[PDB]
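Undergrad: Here you go, this is data-v4.pdb (PDB, C-alpha atoms).
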ATOM      1  CA  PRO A   2     -12.200   9.998   4.390
ATOM      2  CA  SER A   3      -8.436   9.875   4.999
ATOM      3  CA  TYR A   4      -6.629  12.907   6.443
ATOM      4  CA  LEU A   5      -2.833  12.783   6.201
ATOM      5  CA  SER A   6      -1.570  16.241   5.160
ATOM      6  CA  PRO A   7      -2.525  19.770   6.240
ATOM      7  CA  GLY A   8      -4.804  21.705   3.935
ATOM      8  CA  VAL A   9      -8.419  22.439   3.064
ATOM      9  CA  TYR A  10     -10.721  19.605   1.982
ATOM     10  CA  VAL A  11     -14.145  20.049   0.367
ATOM     11  CA  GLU A  12     -16.539  17.088   0.406
ATOM     12  CA  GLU A  13     -20.227  16.687  -0.451
ATOM     13  CA  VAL A  14     -22.572  14.764   1.831
ATOM     14  CA  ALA A  15     -24.907  12.458  -0.096
ATOM     15  CA  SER A  16     -27.811  13.413   2.198
ATOM     16  CA  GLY A  17     -30.400  15.141   0.028
ATOM     17  CA  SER A  18     -33.276  14.473  -2.354
ATOM     18  CA  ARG A  19     -33.298  12.020  -5.276
ATOM     19  CA  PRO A  20     -36.640  12.368  -7.085
ATOM     20  CA  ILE A  21     -38.071   9.468  -9.088
ATOM     21  CA  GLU A  22     -39.671  10.176 -12.467
ATOM     22  CA  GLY A  23     -42.302   8.278 -14.417
ATOM     23  CA  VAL A  24     -42.106   6.518 -17.766
ATOM     24  CA  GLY A  25     -43.961   6.897 -21.050
ATOM     25  CA  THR A  26     -46.664   4.304 -21.679
ATOM     26  CA  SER A  27     -47.825   5.328 -25.169
ATOM     27  CA  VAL A  28     -45.760   3.071 -27.454
ATOM     28  CA  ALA A  29     -47.219   0.147 -29.407
ATOM     29  CA  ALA A  30     -45.581  -2.476 -31.621
ATOM     30  CA  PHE A  31     -47.447  -3.905 -34.620
ATOM     31  CA  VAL A  32     -46.336  -7.112 -36.352
ATOM     32  CA  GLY A  33     -47.711  -7.767 -39.811
ATOM     33  CA  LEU A  34     -47.098  -8.155 -43.526
ATOM     34  CA  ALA A  35     -46.403  -5.291 -45.934
ATOM     35  CA  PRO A  36     -45.806  -5.179 -49.707
ATOM     36  CA  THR A  37     -42.321  -3.622 -49.658
ATOM     37  CA  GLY A  38     -39.928  -2.364 -47.011
ATOM     38  CA  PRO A  39     -37.294  -3.478 -44.510
ATOM     39  CA  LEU A  40     -37.491  -7.140 -43.520
ATOM     40  CA  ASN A  41     -37.319  -8.391 -39.915
ATOM     41  CA  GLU A  42     -36.345  -4.948 -38.604
ATOM     42  CA  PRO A  43     -38.362  -3.122 -35.911
ATOM     43  CA  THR A  44     -38.708   0.225 -37.674
ATOM     44  CA  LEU A  45     -39.857   3.305 -35.754
ATOM     45  CA  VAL A  46     -42.691   5.446 -37.141
ATOM     46  CA  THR A  47     -44.183   8.650 -35.743
ATOM     47  CA  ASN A  48     -46.296   9.994 -38.642
ATOM     48  CA  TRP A  49     -48.077   8.501 -41.679
TER      49      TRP A  49
ATOM     50  CA  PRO B   2      10.641  11.302  43.386
ATOM     51  CA  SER B   3      13.523  11.809  45.831
ATOM     52  CA  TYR B   4      13.618  14.895  48.069
ATOM     53  CA  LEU B   5      16.948  15.526  49.800
ATOM     54  CA  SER B   6      17.710  19.271  49.634
ATOM     55  CA  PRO B   7      15.551  22.369  50.160
ATOM     56  CA  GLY B   8      14.323  24.143  47.063
ATOM     57  CA  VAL B   9      11.550  24.294  44.483
ATOM     58  CA  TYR B  10      10.816  21.255  42.307
ATOM     59  CA  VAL B  11       8.638  21.266  39.180
ATOM     60  CA  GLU B  12       7.305  17.930  37.917
ATOM     61  CA  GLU B  13       4.729  16.964  35.285
ATOM     62  CA  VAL B  14       2.091  14.331  35.999
ATOM     63  CA  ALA B  15       1.621  11.918  33.093
ATOM     64  CA  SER B  16      -2.166  11.975  33.602
ATOM     65  CA  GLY B  17      -3.672  13.469  30.456
ATOM     66  CA  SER B  18      -4.754  12.610  26.923
ATOM     67  CA  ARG B  19      -2.759  10.631  24.341
ATOM     68  CA  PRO B  20      -4.752  10.591  21.087
ATOM     69  CA  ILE B  21      -4.285   7.783  18.564
ATOM     70  CA  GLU B  22      -4.128   8.642  14.860
ATOM     71  CA  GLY B  23      -4.929   6.573  11.794
ATOM     72  CA  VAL B  24      -2.704   5.368   8.974
ATOM     73  CA  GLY B  25      -2.730   5.847   5.215
ATOM     74  CA  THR B  26      -4.079   2.904   3.229
ATOM     75  CA  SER B  27      -3.573   4.169  -0.338
ATOM     76  CA  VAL B  28      -0.189   2.686  -1.300
ATOM     77  CA  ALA B  29       0.234  -0.158  -3.795
ATOM     78  CA  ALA B  30       3.311  -2.088  -4.923
ATOM     79  CA  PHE B  31       3.559  -3.409  -8.488
ATOM     80  CA  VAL B  32       6.095  -6.073  -9.485
ATOM     81  CA  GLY B  33       6.797  -6.485 -13.176
ATOM     82  CA  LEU B  34       9.233  -6.225 -16.063
ATOM     83  CA  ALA B  35      10.330  -2.973 -17.707
ATOM     84  CA  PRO B  36      12.661  -2.223 -20.640
ATOM     85  CA  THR B  37      15.194  -0.056 -18.778
ATOM     86  CA  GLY B  38      15.603   1.247 -15.249
ATOM     87  CA  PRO B  39      16.840   0.312 -11.781
ATOM     88  CA  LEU B  40      17.045  -3.422 -11.120
ATOM     89  CA  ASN B  41      15.706  -5.111  -7.966
ATOM     90  CA  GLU B  42      15.071  -1.765  -6.258
ATOM     91  CA  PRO B  43      11.627  -0.749  -4.933
ATOM     92  CA  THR B  44      11.422   2.685  -6.542
ATOM     93  CA  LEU B  45       8.791   5.193  -5.406
ATOM     94  CA  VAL B  46       6.597   6.932  -7.994
ATOM     95  CA  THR B  47       3.908   9.568  -7.477
ATOM     96  CA  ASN B  48       3.249  10.881 -11.016
ATOM     97  CA  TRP B  49       3.602   9.519 -14.572
TER      98      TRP B  49
END
Render the structure in this file as structure tokens.

TA:
Amino acid sequence: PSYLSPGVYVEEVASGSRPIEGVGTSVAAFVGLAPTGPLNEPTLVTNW
Amino acid sequence: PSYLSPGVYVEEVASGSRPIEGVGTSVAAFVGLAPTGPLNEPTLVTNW
């Protein structure tokens, strides 16, 4: 950092812990034909 | 030094420490056109 004037400076050192988390692997995409509904749009469903 | 008369002489030896300090590198100069104000003068601004 740059110090040019008297005073009190508070800085945070980046040294620490940065945990890495997993990802969800339970999503599937089905392509098919249906009688009625949105066309060419990847709709999201979570219950019948 | 020159010693010619009796007495007490106090001298300082230059041997010591002479620290070197840094410089501030957070100054920018903008050249442009403005509606009104001083003309051809490098004004100093530090707040809107």

Undergrad: Could you list, as a list in words, the residues of chain B having an atom within 12 Å of chain A when counting only C-alpha atoms?

TA: residues 22, 23, 24, 25, 26 and 27 of chain B

Undergrad: I'd like to know which of B:15, B:32, B:7, B:21 is closest to residue 44 (chain B), using all atoms listed in the file.

TA: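 When distances to residue 44 (chain B) are compared using all atoms listed in the file, the smallest one comes from B:32.
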
Undergrad: Applying 12 Å and all atoms listed in the file, which residues near residue 30 (chain A) remain after dropping the ones on its own chain fewer than 3 positions away? List them as JSON, numbers by chain.

TA: {"A": [27, 33, 42, 43, 44, 45, 46, 47]}

Undergrad: What separation in Å, quoted to one decimal, exists between CA of residue 11 (chain A) and CA of residue 48 (chain B)?

TA: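 So the two atoms, CA of residue 11 (chain A) and CA of residue 48 (chain B), lie 22.7 Å apart.
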
Undergrad: If you measure from CA of residue 20 (chain B) to CA of residue 8 (chain A), what distance in Å do you get, rounded to one decimal?

TA: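 We find that CA of residue 20 (chain B) and CA of residue 8 (chain A) lie 20.4 Å from each other.
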
Undergrad: What's the separation between CA of residue 14 (chain A) and CA of residue 29 (chain B), in Å to one decimal place?

TA: 27.8 Å
